[PDB]
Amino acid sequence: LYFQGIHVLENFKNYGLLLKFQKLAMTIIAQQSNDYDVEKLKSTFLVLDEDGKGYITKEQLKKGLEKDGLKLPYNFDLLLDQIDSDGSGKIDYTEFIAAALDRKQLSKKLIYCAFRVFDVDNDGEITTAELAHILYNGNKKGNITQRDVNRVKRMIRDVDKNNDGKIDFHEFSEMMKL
């Protein structure tokens, strides 16, 4: 059934975009926060990434943690598959941050650091057009289509709490924190 298929596919697309949105927020925090604890995790990643690739193999991650003196869970391979959230087979910087930087540790300041990038115009509200340009252009400027805007609108609907079609700081924080 087609009609049912439509809603299924669109929900799938939404699931993926929401994952992308949170991972990009985490990456923005790692790049822009200047927070000591975050910087120290970035130092760990530097140590693990022994070839300077920007990503680490599952072997490198295991060996690197073992070199620290840790006893890994026997089920660590399943965990590594979960950390590899894009399924590429390797753990990139963004995935390492997104699993190692506990959401609980994200203070208001850290979450604001990401919020203010998505809120391009700094009015306190992330709009569909702002979010689409960050996700699809990487920056404030550039071409996006009404289909793109509609896709992002559907994703705002999952985060919005006051039915205004925009994401405020509170709403954003409730997405970032469980």
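Position 1 is the first residue in the sequence shown; the rest follow in order.
Original post:
As stated in the PDB record, which stretch has the larger average Cα B-factor, 102 to 110 or 67 to 75?
Top reply: The entry gives the higher C-alpha B-factor average to 67 to 75.
Original post:
Can you tell me which stretch has the higher mean Cα B-factor, 41 to 49 or 25 to 33?
Top reply: Going by the record's values, the stretch with the higher mean is 41 to 49.
**OP:** Classify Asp86 as lowest, middle or highest third according to the C-alpha B-factor given in the PDB entry, relative to its own chain.
**Re:** Highest third of the chain for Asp86's C-alpha B-factor.
Original post:
Would the CA B-factor of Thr128 place it in the lowest, middle or highest third of its chain?
Top reply: For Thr128, whose C-alpha B-factor we compare with every modelled residue in the chain, the answer is the middle third.
Subject >> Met176 by Cα B-factor - lowest, middle or highest third of the modelled chain >> reply: Lowest third - that is where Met176 ends up once the chain's C-alpha B-factors are sorted.
Subject >> Within-chain third of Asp164 by Cα B-factor, per the entry >> reply: Highest third.
Subject >> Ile144 by Cα B-factor - lowest, middle or highest third of the modelled chain >> reply: It belongs to the highest third of the chain when residues are ordered by C-alpha B-factor.
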